[PDB]
Each structure stands twice: as C-alpha cells, then as structure tokens.
$ cat final.txt   # compact mmCIF, C-alpha atoms and all ligand atoms
# COMPACT_ATOMS: atom_id res chain seq x y z
CA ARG A 1 182.38 81.20 127.94
CA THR A 2 183.73 83.20 124.96
CA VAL A 3 187.39 84.21 125.39
CA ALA A 4 187.80 87.21 123.03
CA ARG A 5 191.49 87.31 121.97
CA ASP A 6 191.22 89.28 118.66
CA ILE A 7 193.26 92.56 118.86
CA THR A 8 192.79 95.02 115.94
CA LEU A 9 196.25 96.52 115.09
CA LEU A 10 195.47 100.11 114.04
CA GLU A 11 198.79 101.97 113.67
CA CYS A 12 202.51 101.32 114.14
CA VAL A 13 203.88 103.76 116.77
CA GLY A 14 207.41 102.28 116.86
CA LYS A 15 209.69 100.14 114.66
CA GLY A 16 213.25 99.08 115.59
CA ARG A 17 215.69 96.14 115.89
CA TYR A 18 213.38 94.99 118.83
CA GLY A 19 210.44 94.57 116.41
CA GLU A 20 207.39 96.88 116.33
CA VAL A 21 204.90 98.53 118.72
CA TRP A 22 201.28 98.97 117.57
CA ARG A 23 198.35 100.85 118.93
CA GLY A 24 195.66 98.19 119.10
CA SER A 25 192.08 97.84 120.13
CA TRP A 26 190.63 95.14 122.37
CA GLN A 27 186.89 95.23 123.28
CA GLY A 28 186.77 98.96 122.35
CA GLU A 29 189.83 99.89 124.55
CA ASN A 30 193.28 100.99 123.34
CA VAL A 31 196.15 98.58 124.10
CA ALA A 32 199.80 98.69 123.04
CA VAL A 33 201.13 95.55 121.30
CA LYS A 34 204.87 94.94 121.13
CA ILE A 35 205.62 92.36 118.41
CA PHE A 36 209.15 90.95 119.01
CA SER A 37 211.78 90.38 116.31
CA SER A 38 213.59 86.98 116.33
CA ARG A 39 216.64 89.20 117.31
CA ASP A 40 214.99 90.11 120.64
CA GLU A 41 212.93 87.00 121.65
CA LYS A 42 214.85 86.76 124.99
CA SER A 43 213.40 90.19 126.05
CA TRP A 44 209.86 88.70 125.67
CA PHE A 45 210.92 85.65 127.74
CA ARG A 46 212.52 87.74 130.49
CA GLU A 47 209.60 90.20 130.88
CA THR A 48 207.14 87.26 130.78
CA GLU A 49 209.20 85.30 133.39
CA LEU A 50 209.26 88.41 135.64
CA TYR A 51 205.47 88.97 135.41
CA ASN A 52 204.83 85.26 136.02
CA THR A 53 206.90 85.69 139.23
CA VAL A 54 205.41 89.03 140.39
CA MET A 55 202.41 90.83 138.89
CA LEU A 56 203.76 94.37 139.23
CA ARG A 57 201.02 96.99 139.65
CA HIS A 58 202.07 100.62 140.15
CA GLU A 59 200.91 103.95 138.69
CA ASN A 60 204.45 104.64 137.41
CA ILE A 61 205.11 101.18 135.83
CA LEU A 62 203.64 100.48 132.36
CA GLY A 63 200.59 98.30 133.01
CA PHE A 64 200.86 94.66 131.96
CA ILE A 65 197.89 93.08 130.17
CA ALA A 66 199.16 89.90 128.47
CA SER A 67 202.07 87.85 127.05
CA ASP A 68 201.06 85.87 123.95
CA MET A 69 202.96 83.17 122.08
CA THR A 70 201.22 81.97 118.84
CA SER A 71 202.47 79.02 116.71
CA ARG A 72 202.92 79.90 112.98
CA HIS A 73 203.69 77.49 110.06
CA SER A 74 207.50 77.94 110.45
CA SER A 75 207.91 80.50 113.30
CA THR A 76 206.69 81.55 116.77
CA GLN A 77 204.99 85.02 117.11
CA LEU A 78 205.62 86.78 120.49
CA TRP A 79 203.45 89.71 121.63
CA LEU A 80 203.53 91.75 124.84
CA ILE A 81 200.28 93.64 125.45
CA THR A 82 200.21 96.63 127.80
CA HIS A 83 198.26 99.77 128.57
CA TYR A 84 198.48 102.38 125.79
CA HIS A 85 199.76 105.94 126.48
CA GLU A 86 198.73 108.15 123.58
CA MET A 87 201.22 110.93 124.47
CA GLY A 88 204.12 108.55 123.69
CA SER A 89 207.57 108.42 125.22
CA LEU A 90 209.25 111.11 127.34
CA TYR A 91 211.95 111.24 124.63
CA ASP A 92 209.24 112.12 122.05
CA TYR A 93 207.43 114.53 124.38
CA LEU A 94 210.52 116.58 125.30
CA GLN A 95 211.40 117.26 121.61
CA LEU A 96 208.51 119.79 121.12
CA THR A 97 207.30 120.50 124.71
CA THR A 98 208.81 122.86 127.34
CA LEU A 99 208.02 122.47 131.06
CA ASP A 100 207.24 124.69 134.05
CA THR A 101 208.42 123.95 137.63
CA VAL A 102 205.28 121.98 138.56
CA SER A 103 205.33 119.82 135.39
CA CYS A 104 209.10 119.17 135.56
CA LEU A 105 208.92 118.05 139.23
CA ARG A 106 205.78 115.93 138.60
CA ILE A 107 207.58 114.10 135.73
CA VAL A 108 210.79 113.39 137.62
CA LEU A 109 209.15 112.48 140.96
CA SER A 110 206.81 110.04 139.08
CA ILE A 111 209.88 108.37 137.48
CA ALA A 112 211.65 108.17 140.89
CA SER A 113 208.44 106.65 142.34
CA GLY A 114 208.29 103.92 139.66
CA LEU A 115 212.01 103.24 140.08
CA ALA A 116 211.89 103.02 143.89
CA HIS A 117 208.93 100.60 143.53
CA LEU A 118 211.04 98.39 141.22
CA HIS A 119 214.07 98.53 143.52
CA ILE A 120 212.38 97.73 146.88
CA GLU A 121 211.92 94.18 148.19
CA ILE A 122 208.47 93.81 149.87
CA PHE A 123 207.87 90.72 152.14
CA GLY A 124 204.54 88.80 152.39
CA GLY A 125 205.07 91.51 148.21
CA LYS A 126 207.73 91.52 145.49
CA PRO A 127 211.38 90.78 144.86
CA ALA A 128 213.74 93.70 144.36
CA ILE A 129 214.08 94.50 140.63
CA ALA A 130 216.69 96.46 138.68
CA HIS A 131 215.64 97.76 135.20
CA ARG A 132 219.06 97.80 133.45
CA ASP A 133 217.94 99.94 130.45
CA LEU A 134 216.44 103.13 131.92
CA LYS A 135 216.32 106.00 129.42
CA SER A 136 213.82 108.58 128.11
CA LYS A 137 212.60 106.24 125.28
CA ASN A 138 211.67 103.66 128.00
CA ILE A 139 209.44 106.16 129.92
CA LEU A 140 205.89 106.99 128.73
CA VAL A 141 203.97 110.22 129.47
CA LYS A 142 200.44 109.95 130.87
CA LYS A 143 197.67 112.51 130.43
CA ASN A 144 197.72 113.30 134.22
CA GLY A 145 201.29 114.61 133.86
CA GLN A 146 202.99 111.61 135.55
CA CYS A 147 205.14 109.07 133.66
CA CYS A 148 205.51 105.32 133.75
CA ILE A 149 208.58 103.15 133.25
CA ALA A 150 208.49 100.57 130.44
CA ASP A 151 210.53 97.62 129.07
CA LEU A 152 211.56 95.03 131.63
CA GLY A 153 213.25 92.82 128.98
CA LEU A 154 216.66 93.26 130.70
CA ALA A 155 215.37 93.42 134.28
CA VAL A 156 216.97 91.37 137.06
CA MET A 157 215.22 90.10 140.21
CA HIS A 158 216.66 89.52 143.74
CA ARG A 159 221.01 92.26 124.98
CA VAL A 160 223.01 94.82 127.05
CA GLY A 161 221.86 98.29 128.15
CA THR A 162 221.85 101.31 125.83
CA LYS A 163 225.52 102.35 125.68
CA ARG A 164 224.87 106.11 125.92
CA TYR A 165 223.31 105.56 129.38
CA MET A 166 225.81 102.97 130.73
CA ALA A 167 227.41 103.73 134.10
CA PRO A 168 231.21 103.88 134.38
CA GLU A 169 231.47 100.47 136.12
CA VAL A 170 229.61 98.84 133.16
CA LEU A 171 231.94 100.54 130.62
CA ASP A 172 235.17 99.66 132.55
CA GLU A 173 233.79 96.13 133.42
CA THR A 174 234.47 96.61 137.20
CA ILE A 175 230.77 96.21 138.12
CA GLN A 176 230.34 93.62 140.95
CA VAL A 177 228.06 91.29 138.85
CA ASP A 178 227.29 89.02 141.91
CA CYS A 179 225.99 91.99 143.98
CA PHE A 180 222.35 93.04 143.40
CA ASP A 181 222.88 96.62 144.77
CA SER A 182 225.33 97.09 141.84
CA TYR A 183 222.38 96.93 139.41
CA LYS A 184 220.34 99.46 141.40
CA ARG A 185 223.33 101.82 141.25
CA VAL A 186 223.51 101.43 137.45
CA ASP A 187 219.84 102.44 137.23
CA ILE A 188 220.51 105.52 139.44
CA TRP A 189 223.26 106.70 137.04
CA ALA A 190 220.81 106.39 134.13
CA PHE A 191 218.10 108.16 136.17
CA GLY A 192 220.47 111.10 136.67
CA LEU A 193 220.91 111.37 132.89
CA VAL A 194 217.11 111.33 132.40
CA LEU A 195 216.77 114.01 135.10
CA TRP A 196 219.29 116.16 133.08
CA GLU A 197 217.34 115.59 129.83
CA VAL A 198 214.07 116.78 131.46
CA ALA A 199 215.55 119.71 133.44
CA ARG A 200 216.99 121.22 130.26
CA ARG A 201 213.38 121.59 128.96
CA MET A 202 212.16 123.44 132.12
CA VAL A 203 211.80 127.20 131.41
CA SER A 204 213.36 129.72 133.82
CA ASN A 205 213.60 133.51 133.30
CA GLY A 206 212.44 133.04 129.67
CA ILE A 207 215.32 130.61 128.88
CA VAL A 208 215.20 126.92 127.96
CA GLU A 209 217.71 124.51 126.40
CA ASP A 210 216.90 122.57 123.20
CA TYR A 211 216.29 118.83 123.70
CA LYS A 212 219.57 116.91 123.49
CA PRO A 213 220.44 113.36 124.54
CA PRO A 214 223.07 112.83 127.24
CA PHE A 215 226.66 113.32 125.95
CA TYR A 216 225.42 114.77 122.62
CA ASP A 217 228.43 117.11 122.59
CA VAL A 218 231.16 114.47 123.17
CA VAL A 219 230.13 111.20 121.36
CA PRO A 220 228.74 110.36 117.93
CA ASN A 221 225.28 109.07 117.17
CA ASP A 222 225.22 105.31 118.06
CA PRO A 223 228.35 105.74 120.10
CA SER A 224 230.60 102.71 120.51
CA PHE A 225 231.38 101.08 123.80
CA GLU A 226 234.91 102.54 123.53
CA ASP A 227 233.57 106.05 122.72
CA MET A 228 231.53 105.94 125.94
CA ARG A 229 234.33 104.44 128.06
CA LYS A 230 236.75 107.22 127.08
CA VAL A 231 234.21 109.97 127.96
CA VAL A 232 232.77 108.50 131.17
CA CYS A 233 235.67 106.42 132.60
CA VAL A 234 238.95 107.82 131.25
CA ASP A 235 238.18 111.55 131.09
CA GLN A 236 235.37 111.33 133.74
CA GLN A 237 233.14 113.83 131.85
CA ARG A 238 229.59 114.51 133.04
CA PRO A 239 226.74 116.39 131.37
CA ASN A 240 227.01 120.22 131.38
CA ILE A 241 224.96 122.25 133.90
CA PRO A 242 224.10 125.60 132.19
CA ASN A 243 224.70 128.80 134.16
CA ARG A 244 221.03 129.81 133.84
CA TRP A 245 220.01 126.89 136.15
CA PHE A 246 221.77 128.66 139.09
CA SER A 247 219.27 131.60 138.87
CA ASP A 248 216.36 129.14 139.48
CA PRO A 249 215.91 127.39 142.88
CA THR A 250 214.29 124.25 141.34
CA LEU A 251 217.03 123.75 138.71
CA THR A 252 219.72 124.52 141.34
CA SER A 253 218.29 121.68 143.47
CA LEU A 254 217.94 119.34 140.47
CA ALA A 255 221.60 119.99 139.46
CA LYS A 256 222.71 118.91 142.96
CA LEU A 257 220.55 115.79 142.74
CA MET A 258 221.86 114.74 139.30
CA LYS A 259 225.49 115.24 140.56
CA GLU A 260 224.73 112.75 143.38
CA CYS A 261 223.53 110.17 140.81
CA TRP A 262 226.81 110.47 138.82
CA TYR A 263 229.58 109.72 141.34
CA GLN A 264 232.31 107.39 139.91
CA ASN A 265 231.98 105.33 143.15
CA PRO A 266 228.63 103.50 142.70
CA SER A 267 228.13 103.17 146.50
CA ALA A 268 228.23 107.05 146.86
CA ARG A 269 225.16 107.49 144.60
CA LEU A 270 221.80 108.35 146.13
CA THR A 271 219.12 105.66 146.40
CA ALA A 272 215.77 106.02 144.58
CA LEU A 273 214.04 106.49 147.99
CA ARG A 274 216.42 109.33 148.90
CA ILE A 275 215.83 110.93 145.47
CA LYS A 276 212.05 110.83 146.15
CA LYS A 277 212.45 112.49 149.54
CA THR A 278 214.67 115.25 148.07
CA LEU A 279 212.20 115.86 145.23
CA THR A 280 209.24 116.17 147.67
CA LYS A 281 211.14 118.99 149.53
CA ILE A 282 211.83 120.99 146.29
CA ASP A 283 209.31 123.90 145.90
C1 LIG B 301 193.98 83.43 126.36
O1 LIG B 301 194.39 84.65 125.67
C2 LIG B 301 193.71 85.82 126.01
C3 LIG B 301 192.62 85.88 126.88
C4 LIG B 301 192.01 87.17 127.13
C5 LIG B 301 190.80 87.08 128.00
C6 LIG B 301 189.61 87.33 127.29
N1 LIG B 301 188.40 87.18 127.86
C7 LIG B 301 188.35 86.72 129.12
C8 LIG B 301 189.47 86.39 129.86
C9 LIG B 301 189.28 85.85 131.19
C10 LIG B 301 189.93 86.32 132.30
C11 LIG B 301 189.80 85.69 133.54
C12 LIG B 301 189.00 84.56 133.70
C13 LIG B 301 188.89 83.94 135.08
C14 LIG B 301 187.51 84.08 135.60
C15 LIG B 301 187.58 83.71 137.10
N2 LIG B 301 187.89 82.28 137.25
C16 LIG B 301 187.93 81.91 138.69
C17 LIG B 301 189.16 81.93 136.58
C18 LIG B 301 189.21 82.46 135.13
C19 LIG B 301 188.36 84.08 132.57
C20 LIG B 301 188.50 84.70 131.33
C21 LIG B 301 190.74 86.51 129.27
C22 LIG B 301 192.00 86.30 130.04
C23 LIG B 301 192.46 88.32 126.49
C24 LIG B 301 193.53 88.21 125.65
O2 LIG B 301 194.05 89.36 125.02
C25 LIG B 301 193.61 90.65 125.58
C26 LIG B 301 194.16 86.98 125.41
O3 LIG B 301 195.23 86.93 124.54
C27 LIG B 301 196.49 87.44 125.09
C1 LIG B 302 193.75 90.52 130.74
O1 LIG B 302 193.14 91.82 130.67
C2 LIG B 302 191.79 91.98 130.90
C3 LIG B 302 190.99 91.03 131.34
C4 LIG B 302 189.61 91.26 131.62
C5 LIG B 302 188.73 90.17 132.15
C6 LIG B 302 187.84 89.53 131.31
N1 LIG B 302 187.06 88.55 131.79
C7 LIG B 302 187.14 88.19 133.05
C8 LIG B 302 188.00 88.76 133.99
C9 LIG B 302 188.05 88.27 135.38
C10 LIG B 302 186.86 88.01 136.07
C11 LIG B 302 186.94 87.50 137.33
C12 LIG B 302 188.14 87.22 138.00
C13 LIG B 302 188.03 86.72 139.36
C14 LIG B 302 189.30 86.15 139.91
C15 LIG B 302 188.99 85.35 141.19
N2 LIG B 302 187.80 85.77 141.99
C16 LIG B 302 186.75 84.72 141.88
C17 LIG B 302 187.23 87.12 141.73
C18 LIG B 302 187.60 87.76 140.37
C19 LIG B 302 189.34 87.45 137.35
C20 LIG B 302 189.28 87.95 136.05
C21 LIG B 302 188.82 89.81 133.46
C22 LIG B 302 189.75 90.60 134.38
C23 LIG B 302 189.15 92.53 131.38
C24 LIG B 302 190.04 93.51 130.99
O2 LIG B 302 189.68 94.84 130.73
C25 LIG B 302 188.30 95.20 131.00
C26 LIG B 302 191.35 93.26 130.73
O3 LIG B 302 192.21 94.26 130.40
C27 LIG B 302 192.44 94.55 129.03
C1 LIG B 303 209.04 101.80 125.38
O1 LIG B 303 208.50 100.48 125.37
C2 LIG B 303 207.18 100.26 125.11
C3 LIG B 303 206.28 101.29 124.85
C4 LIG B 303 204.93 101.00 124.62
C5 LIG B 303 203.94 102.10 124.32
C6 LIG B 303 202.84 102.25 125.13
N1 LIG B 303 201.95 103.23 124.90
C7 LIG B 303 202.12 104.06 123.88
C8 LIG B 303 203.21 103.97 123.02
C9 LIG B 303 203.26 105.04 121.93
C10 LIG B 303 202.06 105.48 121.37
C11 LIG B 303 202.05 106.51 120.41
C12 LIG B 303 203.21 107.14 119.97
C13 LIG B 303 203.19 108.24 118.94
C14 LIG B 303 202.05 108.10 117.89
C15 LIG B 303 201.18 109.35 117.64
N2 LIG B 303 201.91 110.66 117.70
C16 LIG B 303 202.29 111.11 116.34
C17 LIG B 303 203.12 110.71 118.56
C18 LIG B 303 203.09 109.60 119.63
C19 LIG B 303 204.42 106.70 120.51
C20 LIG B 303 204.43 105.68 121.51
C21 LIG B 303 204.13 102.94 123.23
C22 LIG B 303 205.30 102.77 122.28
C23 LIG B 303 204.52 99.69 124.70
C24 LIG B 303 205.43 98.65 124.97
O2 LIG B 303 205.09 97.32 125.03
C25 LIG B 303 203.80 96.92 124.54
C26 LIG B 303 206.77 98.95 125.13
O3 LIG B 303 207.67 97.96 125.41
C27 LIG B 303 207.68 97.38 126.67
$ encode --input "final.txt" --output "structure tokens" --more "lines below"
Ligand SMILES: COc1cc(-c2cncc(-c3ccc(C4CCN(C)CC4)cc3)c2C)cc(OC)c1OC
Ligand SMILES: COc1cc(-c2cncc(-c3ccc(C4CCN(C)CC4)cc3)c2C)cc(OC)c1OC
Ligand SMILES: COc1cc(-c2cncc(-c3ccc(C4CCN(C)CC4)cc3)c2C)cc(OC)c1OC
Amino acid sequence: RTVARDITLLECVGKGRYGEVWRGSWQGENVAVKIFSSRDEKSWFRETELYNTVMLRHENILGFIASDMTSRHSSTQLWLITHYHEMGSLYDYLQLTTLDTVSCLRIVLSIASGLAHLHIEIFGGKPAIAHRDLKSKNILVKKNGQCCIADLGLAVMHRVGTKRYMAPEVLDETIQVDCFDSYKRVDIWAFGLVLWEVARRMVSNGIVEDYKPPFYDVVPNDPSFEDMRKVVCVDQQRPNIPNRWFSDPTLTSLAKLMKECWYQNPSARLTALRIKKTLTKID
C-alpha cells in the first residue's frame, strides 16, 4: 500500500523560541505542524512519550495526529502534527472579541472539561496527567464555541512553566515535588488566571474590560522569577475583580470561583471536577 506522508506547509501561524507552527495540508485536510527548535527538542520527546503511553482522545484536548522524526544530513527534524483550529488561540481570540454570558460559560466549562479529563486516572483508561503550562496561548478556540487544551511538552503522568502563570509554591520552591496532587493544584492556579482573562471580556450592562494578561499592572513584560515571587508570594497579590462584575450574577459567580483557585494553600484550591459542577449550576 501507498503510505502518503507528504504535508504541504501553507502558512506559518506561530514562531517562537519553541520553533514554528504551520497550517498544513494532508490529503486535502488542514493539519497543524509544530516544527521544534533544537532548544525545545525535549518537549517533542515528552509529548511523544505521553501519547505512546496513552492515546488521549477528548473534545477539549487538541487532537493528536502524528509525531515525526526525520534524519537530515547533520540534524534531526522533529514535527508534531495535530488537528488545526483556524480561529487560533484563546489569547488571540480575546484581543478583538467580546463575549456574552453563554459564550463565556461555554469557553470556561470546555477548558475545565479538558483539564478534568487530563487530571483523572481511569482504570481498565488513562494515567492521571498534569499539564504544567496552562495559559491562554495553550488553549485553542473551535468553531462550535468550545476550546481545547494544547501543548503537553511539560506534562507529567501518574523547560519550566510560563512564569506569569506560576503558582506561589512554584515561585517560593515549597511545592511537594514527590506528590502528584501538587501538580494538579498548580494547574488549578493557572486555570483561575485564564478564567479571569476570559471573564474580563464578557460584556455586562454595556461594560467590558480590555484584554490584559494576568498581573499586567504589577510586573513587566517577560517578568523575572523574582518579579513574580514578590507579587504572588511576598505581597500575596491577586488579580483585580472590577466592581462592575458584582452587578452581573454570572461574573459574581465566576469571581468566587477564581478566588477558590488562588488560595496560597494549594490543598484549599478547588478540583477541576468541582469547578465543572459549579460552572454547570451558573445560569
Ligand atoms: C509513517 O508516517 C506517516 C504515515 C501516515 C499514514 C498514511 N497513510 C496511511 C497510514 C496508515 C494507517 C494505519 C494503517 C494500519 C491499517 C490496519 N492494519 C491492521 C495495521 C496498519 C496503515 C496505514 C498512515 C499512518 C501519515 C503520516 O502523516 C500524516 C505519516 O507521517 C507522520
Ligand atoms: C494518522 O492520521 C490519519 C490516519 C488515517 C488512516 C489512513 N489509512 C488507514 C487508517 C487505518 C485503517 C484501519 C485501521 C484498523 C485498525 C485495526 N482494525 C483492523 C480496524 C481498523 C487503522 C487505521 C487510517 C486511520 C486517516 C486519517 O484521516 C482521514 C488520519 O488523520 C489525519
Ligand atoms: C499552542 O500550541 C499549539 C497550537 C497549535 C495550533 C493548532 N491549530 C491552529 C493554530 C493556529 C492557527 C491559526 C492562527 C492564526 C492565523 C490566521 N489569523 C490571522 C489568526 C489566527 C493561530 C493559531 C495552532 C497554533 C498546534 C500545535 O501543535 C501542532 C501546538 O503545540 C502543541
């Protein structure tokens, strides 16, 4: 039989220290192709090792297609091939889109659904998985209004995370590194920050906040480890909840939920399954 492996690379949709992401075409269908830098080869290995262990399949997890290693004259080329989401990342989408109640809840419940699926151990199934780099750039928007979680290059089964989204116990190096629940709790902190980023873009009473990243008002761009530790650990700052949210029942409920993802004590934070239940009872 013919094994068609040619992918046409049509446009670059992302370029970074990680390498590049391309929109590609295989057999007439769009695919996304991540081409890894030498800097980030271990992220290709880790995601590939995870998918060789457990073939994750969930509506709110970016869909795996292939891991390719190709020998070159003097280098190895590493590609990860996934489903393609033409609307791009949640980070992108929130810059120039505002949300209503239904769209805001659909987005955040779909993220919670993907995250709970990663976190849960299923027997007979999947190992429990923590993401370790959850953020709005690592979430893609689908045409049906749900999102999917991407980038399992730092994931752990039972490179450091983006500093702006690191939990206090990562910044103060008290995290219990031998305890898998510790990594779930780090993802929940980051989820709370994503929930704040999305909620700001939900309109109520004709008001909306501009898109801003978490801690935009207290750290520089590309904040250092120390910059983040002083904000999150020493001063114990948390993102601002605007007064206008307290006129709106949905944003009032989402403020409470994000507070319960941001406790200093990791074991006080809500679980992804409890976040899902709370979100299903809003509106
Ligand atoms: C090697 O590399 C790539 C391969 C492919 C690809 C292309 N055509 C057909 C296939 C195929 C799938 C599955 C079987 C099964 C049939 C049932 N039988 C019991 C066992 C074998 C055979 C063939 C593949 C996997 C695409 C690629 O990119 C999209 C590849 O590069 C990453
Ligand atoms: C990697 O990705 C894609 C792959 C393919 C593809 C191409 N040739 C053959 C297959 C295949 C056929 C048959 C089995 C068997 C397995 C055992 N049992 C006996 C029943 C079923 C498995 C695999 C596939 C899945 C198509 C795709 O899209 C249309 C892919 O997605 C981009
Ligand atoms: C986060 O991480 C990964 C993401 C992806 C991925 C999947 N679908 C679509 C995209 C994408 C497409 C298009 C735009 C732009 C272009 C057109 N318009 C002007 C605005 C929107 C942005 C983004 C990506 C980047 C794949 C990955 O791996 C193959 C990723 O890594 C795991």
$ closest_residue --input "final.txt" --among "A:125, A:139, A:235, A:103" --to "residue A:250" --atoms "all atoms listed in the file"
A:103
$ residues_around --input "final.txt" --residues "stretch 34-37 of chain A" --least-positions-apart "2" --cutoff "8 Å" --atoms "all atoms listed in the file" --output "PyMOL selection string"
chain A and resi 17-22+32+39-41+44+77-81
$ residues_around --input "final.txt" --residues "residue A:185" --least-positions-apart "4" --cutoff "9 Å" --atoms "only C-alpha atoms" --output "ChimeraX atom specification"
/A:130,167,181,189-190,261,266-267,269-271
$ atom_distance --input "final.txt" --atom1 "atom CA of residue A:240" --atom2 "atom CA of residue A:105"
19.8 Å
$ closest_residue --input "final.txt" --among "A:69, A:264, A:38, A:61" --to "ligand LIG 301 (chain B)" --atoms "only C-alpha atoms and all ligand atoms"
A:69
$ closest_residue --input "final.txt" --among "A:180, A:262, A:246, A:165" --to "residue A:133" --atoms "all atoms listed in the file"
A:165
$ residues_near_ligand --input "final.txt" --ligand "ligand LIG 302 (chain B)" --cutoff "10 Å" --atoms "only C-alpha atoms and all ligand atoms" --output "list in words"
residues 1, 2, 3, 4, 5, 25, 26, 27, 28, 29, 30, 31, 63, 64, 65, 66, 67, 81, 82 and 83 of chain A
$ residues_around --input "final.txt" --residues "stretch 193-205 of chain A" --least-positions-apart "3" --cutoff "9 Å" --atoms "all atoms listed in the file" --output "ChimeraX atom specification"
/A:90-91,94-95,97-101,103-105,107-108,134-136,165,188-190,208-214,239-242,244-245,247-248,251,254-255,257-258,261-262
$ closest_residue --input "final.txt" --among "A:226, A:49, A:58, A:68" --to "ligand LIG 301 (chain B)" --atoms "only C-alpha atoms and all ligand atoms"
A:68
$ closest_residue --input "final.txt" --among "A:7, A:157, A:62, A:150" --to "residue A:46" --atoms "all atoms listed in the file"
A:157
$ atom_distance --input "final.txt" --atom1 "atom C12 of ligand LIG 303 (chain B)" --atom2 "atom CA of residue A:84"
8.9 Å
